[PDB]
Amino acid sequence: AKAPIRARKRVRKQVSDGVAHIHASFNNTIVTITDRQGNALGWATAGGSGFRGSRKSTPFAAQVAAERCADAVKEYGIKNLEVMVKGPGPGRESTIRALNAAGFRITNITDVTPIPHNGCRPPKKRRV
Amino acid sequence: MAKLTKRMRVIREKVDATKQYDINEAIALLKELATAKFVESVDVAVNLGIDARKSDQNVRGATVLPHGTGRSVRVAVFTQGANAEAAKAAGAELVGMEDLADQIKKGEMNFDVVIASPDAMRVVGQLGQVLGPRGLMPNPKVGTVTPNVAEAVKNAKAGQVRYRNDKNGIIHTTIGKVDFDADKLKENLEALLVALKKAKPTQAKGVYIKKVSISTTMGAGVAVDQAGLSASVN
Amino acid sequence: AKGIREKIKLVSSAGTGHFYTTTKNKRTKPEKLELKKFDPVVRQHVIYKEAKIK
RNA sequence: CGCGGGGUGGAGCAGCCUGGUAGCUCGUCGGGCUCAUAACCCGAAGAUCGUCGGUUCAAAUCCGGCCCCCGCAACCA
RNA sequence: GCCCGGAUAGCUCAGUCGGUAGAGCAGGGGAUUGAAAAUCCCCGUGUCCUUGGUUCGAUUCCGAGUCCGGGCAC
RNA sequence: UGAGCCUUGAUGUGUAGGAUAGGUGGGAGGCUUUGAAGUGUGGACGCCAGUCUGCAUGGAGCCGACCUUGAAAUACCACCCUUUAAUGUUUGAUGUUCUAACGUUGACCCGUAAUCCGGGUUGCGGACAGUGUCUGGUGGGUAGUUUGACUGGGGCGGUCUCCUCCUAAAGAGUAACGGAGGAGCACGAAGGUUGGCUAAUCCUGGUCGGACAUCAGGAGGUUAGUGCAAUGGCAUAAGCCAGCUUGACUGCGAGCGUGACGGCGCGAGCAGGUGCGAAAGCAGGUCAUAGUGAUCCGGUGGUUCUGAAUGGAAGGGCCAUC
């Protein structure tokens, strides 16, 4: 007779609020949830969400990474979020939009992107 | 085992249920420990330590107690009249076809064996061995089923009980009533302990006690330290 | 040692301890031998059995 | 001297272990695209397995002889 | 000659506590591009090795033997 | 913090079923300060609303027992598989912290006029390094040795055993890196026995193999066959086919060919039991000669034969065999 409801085995840790980091780049976007005190609570990515090819660097693929990730942290009973945004890729703002539409409350959309003060020499790519 | 109910925690501590004791004094205690208001029945679980793999393989049969079991081994006679009259007379529950054939098909039954001549089995067969808390079928796996109704019933009333290799490697058999003397139960228990040794297991050399434990209907059980020829051999 | 055809033991089917030794092609037909032969211990002809097995 | 390996469609290679079985990449020819050639695409053709014999029902294959190509060896005082 | 441990889609593995035949890649068709490299799609196949056995039914759960792979033997 | 052993507590969501189907015996019910139940509040909780249930409250029944469905039926006590928390318990694994063994080729003192060595204080390190026994790896640093004969010199090459033909000289078959070929197994019928039958090849006719299937006729007369090499052999077939079968027997064995010996070959007949055949008779492997391995050592099974004081037993012997 029985045909199932519960999505996973019973919740673990349980921290109520967390930080997310979206590393968006030209080839792929990675969304990683953490604790305030620095601990990965789970991740998912565009490439791991089954896109590959040119689809891997698209706002639509970025969204579907975020919703997949949102499932992985349900085991932690999280409700509130802050989000760090990181890099020049597409999906950069579109990933956030998927997190608020996941039912999460987002505290700050802090773009962090790491900028040399002139610093180390870039590669010279696309050459003539 | 015995329930979490508020008095039932109290009962299990005061009576000293489960854990080991010696055969004469365990049986004399077992009458004192009783949880039922009336005559409880006593059964033995006997562990043979080799083929728990196979339900057929370790020893099966029947054995003679000097005290024929009272309530347990409550024996009936299956036939419409095939040489009936002595087997019906002897003290058996019931002699017939129709009531026992309907009962056993519908499902549950409380009684031991209804003993058949060949023609009786033919009209209404038996089904299965998954008999759970309910044990109710004769079979060649019990092996005492050959072949006449007055013989097997009257021998039960004199002393006969059946014995069987259950899938744990465990042999479960009724030993008697707590109406019996501590002595009477112990003689019936000792007859069973020789019976498992007597037919000999296939890959094992005697009674081969891993554990023996004797339990009474609601009282509880007492695990048994010895092979029952007095208290201690040497 | 020899061939790929191999040695078997043909054991008497009387309970006496006696055997003949013989080689048999296991690969081509492994259908085990019956065959009747003399047993000197019962001093009569008896069926032999098996092929170096339990 | 001698010993061992080799002789395949126009080219280079595979299959060679008591065996019946012809495969790959090039090149070739026909059609196509292109102003036209190149390339690119599709289709097809091409070896009676060095040569002679023997064993075998059957041999490129195993066996023997000869020619041809390669590797090693042809010393010791 | 032992103890081990494996024998399935073509392959490796595996949903396979007995109630119930799959993931990854392999060949065909469709869907697009300087055919292709490369997306996405729908089929890919097994009496789970041959035989015993528990059972309400079980390949696997308990067992005997063939072949592969790993030890100690001699 | 692993694991074992073990003390108590526990889940098993199939198909049908109200739900509850870990295997299985007992068993007609269990009533301290009740046993209520029941609605309510939380927890565990997973083949999802399905179990157990702290406890507020309530002192006013779970529920089988033929109450029903189903192979198994449930309440309720045993039994014990899985998973398994609580915890007990021994031991391991790990870290950190300690100092008292132990190191100190740290310092300072003293013996001392040595300042090596010992003793003292003190600092630092510390159950680690160290060293002994055990043990796996590695190890030409070192050592003791080994590394064929034949051979038209010897090295290279070939070859070493067993069968058949020639050389071989019309009994024995006898050399040479003389000439030429093979074997290192197969076979439960390819053995036994009764019964029957007869070959390569070519021609002629022949529905597509018209170069060669199957067929029929004729000639031929074995030119074939022979498990595999050659020599011998064979029509009464030792060839080919059919039926029943396990003499591919156990004990011996006169007589003998043969070899330096080891050993190898051969066999009438006798005793036991048997197969085939009406019987005589036949049969102790294959039509013969290739298809192999001395001894020690060790293995498995059998055997009163023995088994270091008596009785048993490891062990040894004999027999079978690896």
# chains A, B, ... in the order shown; residues from 1 in each chain; ligands from 1

$ residues_around --residues "range 15-28 of chain D" --least-positions-apart "5" --cutoff "9 Å" --atoms "only C-alpha atoms (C1' of nucleotides)" --output "VMD selection string"
chain D and resid 8 10 45 to 47 58 to 62

$ write_last_selection --atoms "N, CA, C and O atoms (P, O5', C5', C4', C3', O3' and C1' of nucleotides)" --output "PDB file, in the first residue's frame"
ATOM      1  P     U D   8      54.165  -9.164 -50.173  1.00  0.00           P
ATOM      2  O5'   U D   8      52.638  -9.279 -50.292  1.00  0.00           O
ATOM      3  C5'   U D   8      51.950  -9.956 -51.347  1.00  0.00           C
ATOM      4  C4'   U D   8      50.432  -9.832 -51.133  1.00  0.00           C
ATOM      5  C3'   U D   8      50.200  -8.299 -51.295  1.00  0.00           C
ATOM      6  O3'   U D   8      49.085  -7.850 -52.086  1.00  0.00           O
ATOM      7  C1'   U D   8      49.536  -9.029 -49.166  1.00  0.00           C
ATOM      8  P     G D  10      48.137  -4.413 -57.344  1.00  0.00           P
ATOM      9  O5'   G D  10      48.551  -2.908 -57.638  1.00  0.00           O
ATOM     10  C5'   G D  10      49.673  -2.592 -58.485  1.00  0.00           C
ATOM     11  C4'   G D  10      50.204  -1.148 -58.288  1.00  0.00           C
ATOM     12  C3'   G D  10      50.702  -0.872 -56.838  1.00  0.00           C
ATOM     13  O3'   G D  10      52.082  -1.234 -56.685  1.00  0.00           O
ATOM     14  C1'   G D  10      49.141   0.736 -57.405  1.00  0.00           C
ATOM     15  P     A D  45      32.542  -3.257 -56.025  1.00  0.00           P
ATOM     16  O5'   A D  45      33.849  -3.291 -56.910  1.00  0.00           O
ATOM     17  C5'   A D  45      33.851  -3.053 -58.330  1.00  0.00           C
ATOM     18  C4'   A D  45      35.228  -2.614 -58.847  1.00  0.00           C
ATOM     19  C3'   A D  45      36.410  -3.449 -58.363  1.00  0.00           C
ATOM     20  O3'   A D  45      36.596  -4.571 -59.252  1.00  0.00           O
ATOM     21  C1'   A D  45      36.888  -1.189 -58.059  1.00  0.00           C
ATOM     22  P     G D  46      37.020  -5.942 -58.613  1.00  0.00           P
ATOM     23  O5'   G D  46      38.516  -5.716 -58.158  1.00  0.00           O
ATOM     24  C5'   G D  46      39.499  -5.256 -59.115  1.00  0.00           C
ATOM     25  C4'   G D  46      40.797  -4.691 -58.502  1.00  0.00           C
ATOM     26  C3'   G D  46      41.425  -5.725 -57.602  1.00  0.00           C
ATOM     27  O3'   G D  46      42.045  -6.711 -58.445  1.00  0.00           O
ATOM     28  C1'   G D  46      41.507  -3.613 -56.563  1.00  0.00           C
ATOM     29  P     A D  47      41.877  -8.208 -57.952  1.00  0.00           P
ATOM     30  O5'   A D  47      42.957  -8.359 -56.828  1.00  0.00           O
ATOM     31  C5'   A D  47      44.365  -8.390 -57.215  1.00  0.00           C
ATOM     32  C4'   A D  47      45.275  -8.997 -56.122  1.00  0.00           C
ATOM     33  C3'   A D  47      45.202 -10.504 -55.973  1.00  0.00           C
ATOM     34  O3'   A D  47      46.066 -11.151 -56.932  1.00  0.00           O
ATOM     35  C1'   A D  47      45.118  -9.442 -53.835  1.00  0.00           C
ATOM     36  P     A D  58      42.052 -32.199 -50.650  1.00  0.00           P
ATOM     37  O5'   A D  58      41.732 -30.849 -49.870  1.00  0.00           O
ATOM     38  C5'   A D  58      40.757 -29.968 -50.478  1.00  0.00           C
ATOM     39  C4'   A D  58      40.443 -28.769 -49.593  1.00  0.00           C
ATOM     40  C3'   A D  58      41.643 -27.987 -49.144  1.00  0.00           C
ATOM     41  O3'   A D  58      42.084 -27.159 -50.248  1.00  0.00           O
ATOM     42  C1'   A D  58      40.168 -28.289 -47.330  1.00  0.00           C
ATOM     43  P     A D  59      43.612 -26.763 -50.229  1.00  0.00           P
ATOM     44  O5'   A D  59      43.747 -26.031 -48.844  1.00  0.00           O
ATOM     45  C5'   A D  59      43.291 -24.722 -48.468  1.00  0.00           C
ATOM     46  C4'   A D  59      44.453 -23.910 -47.859  1.00  0.00           C
ATOM     47  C3'   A D  59      45.520 -23.696 -48.931  1.00  0.00           C
ATOM     48  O3'   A D  59      46.091 -22.379 -48.966  1.00  0.00           O
ATOM     49  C1'   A D  59      46.462 -24.852 -47.115  1.00  0.00           C
ATOM     50  P     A D  60      45.294 -21.317 -49.827  1.00  0.00           P
ATOM     51  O5'   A D  60      46.106 -20.001 -49.560  1.00  0.00           O
ATOM     52  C5'   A D  60      47.410 -19.881 -50.219  1.00  0.00           C
ATOM     53  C4'   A D  60      48.367 -19.028 -49.378  1.00  0.00           C
ATOM     54  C3'   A D  60      48.807 -19.741 -48.103  1.00  0.00           C
ATOM     55  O3'   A D  60      50.054 -20.464 -48.254  1.00  0.00           O
ATOM     56  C1'   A D  60      48.038 -17.548 -47.632  1.00  0.00           C
ATOM     57  P     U D  61      50.235 -21.850 -47.505  1.00  0.00           P
ATOM     58  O5'   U D  61      50.013 -21.444 -45.992  1.00  0.00           O
ATOM     59  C5'   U D  61      50.989 -20.739 -45.243  1.00  0.00           C
ATOM     60  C4'   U D  61      50.447 -20.188 -43.915  1.00  0.00           C
ATOM     61  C3'   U D  61      50.319 -21.303 -42.886  1.00  0.00           C
ATOM     62  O3'   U D  61      50.654 -20.784 -41.582  1.00  0.00           O
ATOM     63  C1'   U D  61      48.242 -20.275 -43.131  1.00  0.00           C
ATOM     64  P     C D  62      52.077 -21.151 -40.995  1.00  0.00           P
ATOM     65  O5'   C D  62      52.144 -22.734 -41.034  1.00  0.00           O
ATOM     66  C5'   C D  62      51.719 -23.483 -39.879  1.00  0.00           C
ATOM     67  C4'   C D  62      51.876 -24.990 -40.130  1.00  0.00           C
ATOM     68  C3'   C D  62      53.133 -25.455 -40.895  1.00  0.00           C
ATOM     69  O3'   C D  62      54.286 -25.526 -40.006  1.00  0.00           O
ATOM     70  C1'   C D  62      51.204 -26.483 -41.787  1.00  0.00           C
TER      71        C D  62
END

$ residues_around --residues "residue 70 in chain E" --least-positions-apart "4" --cutoff "12 Å" --atoms "only C-alpha atoms (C1' of nucleotides)" --output "list in words"
residues 3, 4, 5 and 6 of chain E

$ interface_residues --of "chain C" --to "chain F" --cutoff "6 Å" --atoms "only C-alpha atoms (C1' of nucleotides)" --output "list in words"
residues 17, 40 and 44 of chain C

$ interface_residues --of "chain E" --to "chain B" --cutoff "9 Å" --atoms "only C-alpha atoms (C1' of nucleotides)" --output "ChimeraX atom specification"
/E:53-56,62

$ write_last_selection --atoms "N, CA, C and O atoms (P, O5', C5', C4', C3', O3' and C1' of nucleotides)" --output "PDB file, in the first residue's frame"
ATOM      1  P     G E  53      15.768 -30.603  -4.144  1.00  0.00           P
ATOM      2  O5'   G E  53      15.726 -29.529  -2.988  1.00  0.00           O
ATOM      3  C5'   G E  53      16.271 -29.876  -1.689  1.00  0.00           C
ATOM      4  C4'   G E  53      16.450 -28.677  -0.739  1.00  0.00           C
ATOM      5  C3'   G E  53      15.242 -27.726  -0.629  1.00  0.00           C
ATOM      6  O3'   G E  53      14.293 -28.224   0.327  1.00  0.00           O
ATOM      7  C1'   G E  53      17.206 -26.485  -1.087  1.00  0.00           C
ATOM      8  P     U E  54      12.801 -27.665   0.395  1.00  0.00           P
ATOM      9  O5'   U E  54      13.010 -26.474   1.400  1.00  0.00           O
ATOM     10  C5'   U E  54      13.553 -26.770   2.713  1.00  0.00           C
ATOM     11  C4'   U E  54      13.843 -25.461   3.421  1.00  0.00           C
ATOM     12  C3'   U E  54      12.707 -24.448   3.473  1.00  0.00           C
ATOM     13  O3'   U E  54      11.903 -24.741   4.662  1.00  0.00           O
ATOM     14  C1'   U E  54      14.688 -23.449   2.563  1.00  0.00           C
ATOM     15  P     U E  55      10.362 -25.163   4.622  1.00  0.00           P
ATOM     16  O5'   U E  55       9.649 -23.916   3.992  1.00  0.00           O
ATOM     17  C5'   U E  55       9.938 -22.565   4.403  1.00  0.00           C
ATOM     18  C4'   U E  55       9.333 -21.560   3.423  1.00  0.00           C
ATOM     19  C3'   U E  55       7.928 -21.914   2.909  1.00  0.00           C
ATOM     20  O3'   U E  55       6.931 -21.571   3.900  1.00  0.00           O
ATOM     21  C1'   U E  55       9.405 -21.160   1.144  1.00  0.00           C
ATOM     22  P     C E  56       5.484 -22.259   3.863  1.00  0.00           P
ATOM     23  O5'   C E  56       4.699 -21.507   2.729  1.00  0.00           O
ATOM     24  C5'   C E  56       3.381 -21.882   2.249  1.00  0.00           C
ATOM     25  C4'   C E  56       2.939 -20.816   1.231  1.00  0.00           C
ATOM     26  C3'   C E  56       4.027 -20.699   0.140  1.00  0.00           C
ATOM     27  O3'   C E  56       3.804 -21.658  -0.918  1.00  0.00           O
ATOM     28  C1'   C E  56       3.394 -18.558   0.995  1.00  0.00           C
ATOM     29  P     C E  62      22.450 -17.122   3.901  1.00  0.00           P
ATOM     30  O5'   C E  62      22.031 -18.582   4.423  1.00  0.00           O
ATOM     31  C5'   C E  62      23.094 -19.569   4.163  1.00  0.00           C
ATOM     32  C4'   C E  62      22.614 -21.023   4.117  1.00  0.00           C
ATOM     33  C3'   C E  62      23.586 -21.842   3.222  1.00  0.00           C
ATOM     34  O3'   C E  62      24.784 -22.265   3.898  1.00  0.00           O
ATOM     35  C1'   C E  62      21.527 -21.977   2.274  1.00  0.00           C
TER      36        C E  62
END
